[PDB]
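[1] here we go, the starting part of the complex in its complex frame:
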Amino acid sequence: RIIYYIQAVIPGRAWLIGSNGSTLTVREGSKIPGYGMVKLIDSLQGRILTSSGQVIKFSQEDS
Amino acid sequence: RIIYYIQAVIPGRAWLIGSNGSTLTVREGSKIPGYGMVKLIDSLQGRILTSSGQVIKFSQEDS
Amino acid sequence: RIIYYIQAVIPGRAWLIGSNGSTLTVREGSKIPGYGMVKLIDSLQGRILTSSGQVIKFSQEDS
Amino acid sequence: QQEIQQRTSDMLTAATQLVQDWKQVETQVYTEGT
Amino acid sequence: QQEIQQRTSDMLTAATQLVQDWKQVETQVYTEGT
Amino acid sequence: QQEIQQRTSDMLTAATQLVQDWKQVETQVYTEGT
Amino acid sequence: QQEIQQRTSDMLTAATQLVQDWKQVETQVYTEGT
Amino acid sequence: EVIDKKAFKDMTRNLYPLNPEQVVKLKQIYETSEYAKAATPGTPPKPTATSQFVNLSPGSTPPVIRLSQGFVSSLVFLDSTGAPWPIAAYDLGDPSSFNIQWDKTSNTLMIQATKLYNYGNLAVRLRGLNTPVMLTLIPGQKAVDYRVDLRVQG
Amino acid sequence: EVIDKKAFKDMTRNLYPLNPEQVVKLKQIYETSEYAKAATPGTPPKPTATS
């Protein structure tokens, strides 16, 4: 499994940065590998809903 | 335990410097070694009190 | 022991100088080696009272 | 019952103001430095 | 209940003034010397 | 009790001058000699 | 009773005059020679 | 003669309607008011630095740059050997949002944002390059990049 | 003697009809209104590089 920190967050699109350095912009409805489905994207509070129920967030040290 | 001192206090962000020579700026809710978890950061009176009950202020005289 | 004398007195801060050549500036809330705890700094008349009642002033010939 | 009519006044200027901004699009500038 | 409008009038002018300062953004300066 | 506003009115402008004094701060200066 | 107002008026005149006298402070003078 | 004392006490009263303690209180609450005026709700972004690799693949994804309002961010480009790479030309979408100070020869790019949520794109042509580099700029994040160093595979 | 206190507090009311926390929440509604204004409808497009 590869973790992803929230890099850039706007309404609609989202940006995540992987463990190896992989960067990805995503839309609202897509199947994320290793997490399930992008369920809901909230531009406020930096919270991303997942079909597994996971919450993608900004980093602790990068905040 | 190495004593940290506040570098600069603003609302929202906090700048803290210890005797190791590394300056670290933090947000409100974060885990910091030797002081547990920071819950509250006071923008006034020059002190920050963590959820572990520990208070980090400025220097006694170098301030 | 080293005798100190008030060099500059303002609201908030105060400036004092010993006979050895060491000059410092103390606020109200601080401590002093050899005299204890600052009880009161007055912005007028150059009167500072320490914990043991020791009086910091201008010099007799330097007034 | 006059709350519509005053709100008809203020929001008309405001909506025309913000829709002026979306039509306000300004072009780029090319810069060359040798 | 007539004090509301006098209460409303001045602070709205205080409100409209204060936001104008919050729209104030200035550029930068590239200082070059040899 | 109109005398309250008499001492209110003049002190309004009286405090306005000193904050106008407290509004500004002028620049430092540089001087080279040779 | 009007003597109070007259005395206050010309007293204010004199007081404002002397505080105008005390308000200003002039500038140092430097002179060279060879 | 006590009537003159009455005139003198009302003279002091009308000369200074403001008390010194009133001056103290007004100065204190005025400084408090302008502090609250300058104070902004919400957390300030963290001042960060990044060293990131630009991938010029023709199926890859363009890099993203986080920005903050008013604060100038520095962009520095370096090749695989670590040497800086000078710039032939550049072009910015929406020049009203960003201003660039860049001397004619060096590769340093100083970018200051003017608008809080207006986001743009950047096209850059280099000296030894043919394929241009396209980047995106997004303002209003939770961590402002003071410097972005860009390692290039070229 | 309390006439001076009443005049001073009235002058404070005249100088500032707003709380400092009202100023802060005014900044909040100002920033939120700006965010709503510059917010864009729909899905933003995906940045792509093609050959």
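    Structure received. Residues are numbered from 1 along each chain as shown, chains lettered A, B, ... in the order given.

[2] going forward, measure contacts and count neighbours with C-alpha atoms only.
    Will do.

[3] ok so residue H:145 is a helix residue?
    No. Per DSSP: H, G, I helix; E, B strand; the rest coil, residue H:145 lies outside any helix segment and is strand.

[4] please list all residues in contact with it.
    H:47, H:48, H:49, H:50, H:65, H:66, H:67, H:73 (C-alpha atoms under 8 Å, 6 or more residues apart in numbering or on different chains).

[5] let's go with 10 Å and repeat that
    For residue H:145, the contact set (C-alpha atoms under 10 Å, 6 or more residues apart in numbering or on different chains) comprises H:45-50, H:65-68, H:71-75.

[6] filter those down to the buried ones and hand me the PyMOL line.
    This is how PyMOL selects the buried members of the contacts of residue H:145, with burial counted by 16 or more other C-alpha atoms under 10 Å in any protein chain shown:
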select buried, chain H and resi 45+46+65+66+67+68+71+72+73+74+75
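
[7] tell me if the strand or helix carrying residue H:34 is near chain G.
    Here residue H:34 sits within helix H:20-38, counting by DSSP states H and E. No. Helix H:20-38 is not in contact with chain G by C-alpha under 10 Å from any C-alpha of the partner chain; minimum separation 17.7 Å.

[8] so that helix, near chain B or not?
    No. On the criterion C-alpha under 10 Å from any C-alpha, helix H:20-38 is out of touch with chain B, staying 10.8 Å away.

[9] work out which residue lies at the spatial centre of chain H.
    Central residue of chain H (C-alpha atoms, centre = their mean): residue H:71, 1.4 Å from the mean position.

[10] wait, isn't it in contact with residue H:99?
    No. Residue H:71 is beyond contact range of residue H:99, at 11.2 Å (criterion: C-alpha atoms under 10 Å).

[11] shared neighbours, those two?
    E:27, E:28, H:110, H:111, H:112, H:113, H:114.

[12] and chain H, which residues reach chain D?
    So chain H meets chain D at H:86-96, H:102-106, H:123-125, H:127 (C-alpha under 10 Å from any C-alpha).

[13] for chain A, longest strand please?
    What stands out as the longest strand in chain A, according to DSSP state E, is strand A:36-42.

[14] which ones are touching the most centrally placed residue in chain A?
    Residue closest to the mean C-alpha point of chain A, counted by C-alpha atoms, centre = their mean, is residue A:56 at 4.8 Å. The contact partners of residue A:56, by C-alpha under 10 Å, 6+ apart, come to A:3, A:4, A:5, A:6, A:16, A:41, A:46, A:47, A:48, A:49, A:50.

[15] need the max-distance pair from those.
    A:3 and A:41 (17.2 Å; C-alpha to C-alpha).

[16] the host helix or strand of residue H:73 vs chain E: in contact?
    Using DSSP H and E, residue H:73 falls within strand H:72-78. Yes. Contact of strand H:72-78 with chain E (C-alpha under 10 Å from any C-alpha) involves residue H:72.

[17] what's in contact with that strand?
    In contact with strand H:72-78 (C-alpha under 10 Å, 6+ apart) are residues E:27-28, H:49-54, H:65-67, H:83-87, H:98-101, H:106-113, H:144-154.

[18] kindly supply the ChimeraX command isolating those of those that are buried.
    One line in ChimeraX is enough to select the buried ones among the contacts of strand H:72-78; burial here means 16+ other C-alpha under 10 Å:
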select /H:53,54,65,66,67,84,85,86,87,98,99,100,107,108,109,110,111,112,113,144,145,146,147,148,149,150,151,152
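
[19] what's around residue D:33, how many residues?
    Counted by other C-alpha atoms under 10 Å in any protein chain shown, the residues lying close to residue D:33 total 12.

[20] relative to residue H:90, how far out is the nearest residue to it once chain neighbours are set aside?
    Nearest non-adjacent residue to residue D:33, counting by C-alpha to C-alpha, 6 or more residues apart in numbering or on different chains: residue H:104, 5.0 Å away. Distance, residue H:104 to residue H:90, by C-alpha to C-alpha, to the nearest Å: 11 Å.

[21] now for chain J:
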Amino acid sequence: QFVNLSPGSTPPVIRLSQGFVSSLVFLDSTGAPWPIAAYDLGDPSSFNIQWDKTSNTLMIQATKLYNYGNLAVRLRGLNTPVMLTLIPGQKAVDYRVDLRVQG
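    Now chain J, sitting on the chains shown earlier:
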């Protein structure tokens, strides 16, 4: 302060005071003064700079009380820009900051 050029470290923070000049003197790690090439500023209305063109020194005058800014500087032999944070209204104001860079 010993300035570092780590790609993830915190930038240094400069305490500012109303009107009083803050001075900054720049040297390398060995102690020789590194001359300044150029710089750029954020918010010029708050900060006034008398940068003499052939020195390693910087003079700042903080005009406002609570507005905070940023600075970028670069030296004669240095390629990497240096970014600094400028914070006003601190209880420890600095009449002079020594900047010992790692280059």
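
[22] once more on the contacts of residue H:145, this time with chain J?
    Applying C-alpha under 10 Å, 6+ apart, the residues near residue H:145 are H:45-50, H:65-68, H:71-75, J:83.

[23] and for residue D:17?
    Applying C-alpha under 10 Å, 6+ apart, the residues contacting residue D:17 are residue D:11.

[24] ditto for residue H:7
    G:3, G:4, G:5, G:6, G:7, G:8, G:9, G:11, H:13.

[25] residue D:6 too?
    Per C-alpha under 10 Å, 6+ apart, neighbours of residue D:6: residue D:12.

[26] doesn't it belong to a strand?
    No. Under three-state DSSP, residue D:6 sits outside any strand and is assigned helix.

[27] how about whatever residue of chain H ends up closest to chain B, what does it touch?
    Nearest residue of chain H to chain B: residue H:43, at 4.8 Å (C-alpha to the nearest C-alpha). Residues in contact with residue H:43 (C-alpha under 10 Å, 6+ apart) are A:63, B:11, B:12, B:13, B:27, B:28, H:142.

[28] hmm, try it at 7 Å
    Contacts for residue H:43 (C-alpha atoms under 7 Å, 6 or more residues apart in numbering or on different chains) come out as B:12, B:13.

[29] ok, residue H:141 next?
    Here residue H:141 is in contact with A:8, H:45, H:66, H:67 (criterion: C-alpha under 7 Å, 6+ apart).

[30] what's the answer for residue D:28, then?
    Taking C-alpha under 7 Å, 6+ apart, one finds H:92, H:93, H:94, H:95 in contact with residue D:28.

[31] and it, how close does it get to chain J?
    23 Å (C-alpha to the nearest C-alpha, to the nearest Å).

[32] name the nearest residue to that residue, ignoring sequence neighbours.
    Residue D:28 sits nearest to residue H:93 (C-alpha to C-alpha, 6+ apart), 5.4 Å away.

[33] how near is that neighbour to chain G?
    56 Å.

[34] that residue against residue H:118, yeah?
    No. Residue H:93 lies out of contact with residue H:118 (C-alpha atoms under 7 Å); the separation is 10.5 Å.

[35] what about the one residue in chain A that gets nearest to chain D, how many residues nearby?
    Relative to chain D, the nearest point of chain A is residue A:11 (18.2 Å; C-alpha to the nearest C-alpha). Burial measure for residue A:11: 17 neighbouring residues, criterion other C-alpha under 10 Å.

[36] how far away is it from residue B:6?
    Taking C-alpha to C-alpha, one finds residue A:11 at 36 Å from residue B:6.

[37] try residue H:36
    Distance, residue H:36 to residue B:6, by C-alpha to C-alpha: 22 Å.

[38] and what of residue A:55?
    In terms of C-alpha to C-alpha, residue A:55 sits 32 Å off from residue B:6.

[39] more crowded one of the two?
    Neighbour count, other C-alpha under 10 Å: between residue A:55 and residue B:6, residue B:6 has more, with 21 against 13.

[40] for that one, list each beta-bridge partner.
    Residue B:6 has the following beta-bridge partners by DSSP bridges: residue B:16.

[41] what residue is smack in the middle of chain D?
    Using C-alpha atoms, centre = their mean, the most central residue of chain D is residue D:18, at 2.4 Å.

[42] who touches that one in this structure?
    No contacts exist for residue D:18 under C-alpha under 7 Å, 6+ apart.

[43] the strand or helix carrying it: which residues count as buried?
    Here residue D:18 sits within helix D:3-23, counting by DSSP H and E. Neighbour counts using 16+ other C-alpha under 10 Å place no residue of helix D:3-23 among the buried ones.

[44] now the helices for chain A?
    For chain A, applying DSSP state H gives no helices.

[45] strands along that one, start to end?
    Here chain A has its strands, by DSSP E, at A:5-9, A:14-17, A:23-26, A:31-32, A:36-42, A:47-50.

[46] for chain F, see how far away the one residue in chain D that gets nearest to chain I is.
    Going by C-alpha to the nearest C-alpha, chain I is nearest to residue D:18 of chain D, at 8.3 Å. Residue D:18 sits 34 Å away from chain F, going by C-alpha to the nearest C-alpha.

[47] right, I'll leave it there.
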